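Chain by chain, the residues run as shown.
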Amino acid sequence: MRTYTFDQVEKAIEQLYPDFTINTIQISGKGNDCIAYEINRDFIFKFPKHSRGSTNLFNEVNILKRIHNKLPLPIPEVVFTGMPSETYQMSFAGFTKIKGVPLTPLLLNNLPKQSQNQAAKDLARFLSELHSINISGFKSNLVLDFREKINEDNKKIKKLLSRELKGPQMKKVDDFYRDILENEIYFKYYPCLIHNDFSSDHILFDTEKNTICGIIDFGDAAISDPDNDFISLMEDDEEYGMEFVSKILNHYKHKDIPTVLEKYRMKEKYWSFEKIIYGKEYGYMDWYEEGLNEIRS
Ligand SMILES: NCC1=CC[C@@H](N)[C@@H](O)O1
């Protein structure tokens, strides 16, 4: 997990774009993979915090570029690109800023039942279109082999929980990894392009028109189960309700909501194991302990 100063950032941009003038610069946000800088008022630059971050940055650029004018809501446009380095596919990248504020659940539930439904309608239209873009030209690296992932995780988990679990706990885990892997509902799906981190903080809203005016943060975008773009909004309190996601599902004409519900349940259980893995990948001891705790109950 590496760090940047403001001058390091200015320097990094100047050296590739010497004729770009930075008048103002502020940190607008930061996640696991990237720190984000608001440049002038018009641009968001992401700098990666590690190798994997950089790859996901690279992946965001290529995906934004290839869907640039293809969707019914605005989305970031790539304008500046950085360079490969030793272990980083992409030293930085610079995107247009999209006007709007996050469509928090709070902001959502304070909208009249009308503007609520329009937002649900508009989200279903964005998703339908995202999940319909033709996937044929996309390289294997831009897809998620989900069974390969669960197996990858399974191995990692054994390496890490060797010596943290009793054999009978470690077996309650084996049984979970096999209950999943012997269930085709998780893998028998029409893969398509997805946002894959589709959540209220990445949905921008125009309070003047009380309409959605943007979608951001395509770093995790990949070719995968279209259901994942609904499951990421279902969480109560943190995200929208279950009731609201049904509204979206129906404008979207999803023909099997109970399967979506089942995926959601699994996902929630599964998060303890991801916390463990990511806790170590990223160096979040707290995530690691939380994961360990939930597992022990
Ligand atoms: N359910 C917890 C949860 C899962 C997805 C994660 N990105 C987390 O932020 O919320």
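Residues numbered from 1 in each chain as written, not as in the entry; some residues may be left out. Heavy atoms only, no water. Residues with missing side-chain atoms left out of burial classes, pairs and counts.

- Its PDB record attributes the structure to X-ray crystallography, giving the resolution as 2.35 Å.

Structural notes on unusual backbone geometry
Move 1: Positive phi outside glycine occurs at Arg 163, with the angle close to 75°.
Move 2: Along the chain, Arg 163 turns up in the loop between helix 5 (146-161) and helix 6 (167-181).
Move 3: Of the residues examined, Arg 163 reaches a relative accessible area of 74% and is grouped as exposed.
Move 4: One non-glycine residue, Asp 237, adopts positive backbone phi at about 75°.
Move 5: The topology assignment puts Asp 237 in the loop between helix 7 (228-231) and helix 8 (242-251). (Helix = DSSP H or I, 4+ residues; strand = E, 2+ residues; numbered from the N terminus. Buried < 20%, exposed > 50% of the residue type's maximum accessible area, 1.4 Å probe, protein only.)

Points about the nonpolar core
Move 1: Counting residues in hydrophobic clusters, the biggest one holds 48 residues, and the most contacted among them are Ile 67, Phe 126, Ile 203 and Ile 215.
Move 2: For this core, the secondary-structure elements that each account for two or more residues are helix 2 (51-67), strand 5 (93-96), helix 4 (113-130), strand 8 (203-206), strand 9 (211-215), helix 7, helix 8 and helix 9 (257-282).
Move 3: The element that contributes the greatest number of residues to this core is helix 4, accounting for 7 residues.
Move 4: Two domains each put at least three residues into this core: domain 1 (6-96) and domain 2 (100-297).
Move 5: Residues within four places of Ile 215 in sequence aside, it is in contact with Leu 73, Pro 74, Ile 75, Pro 76, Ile 98, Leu 123, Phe 126, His 195, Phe 198, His 202 and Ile 203.
Move 6: The next biggest cluster of nonpolar side chains, apart from the first, holds 22 residues, and it includes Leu 165, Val 173, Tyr 278 and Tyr 282. (Core = buried A, V, L, I, M, F, W, Y, C linked by side-chain atoms within 4.5 Å. Domains from an automatic or database assignment. Contact = heavy atoms within 4.5 Å.)

Structural notes on helix 2
Move 1: Its 17 residues give helix 2 an end-to-end C-alpha distance of 25 Å, which sits within 8% of 24 Å, the value for a rise of 1.5 Å per residue.
Move 2: Looking at helix 2, one finds that the buried residues are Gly 53, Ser 54, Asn 56, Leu 57, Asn 59, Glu 60, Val 61, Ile 63, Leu 64 and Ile 67. (Expected span 1.5 Å × (residues − 1).)

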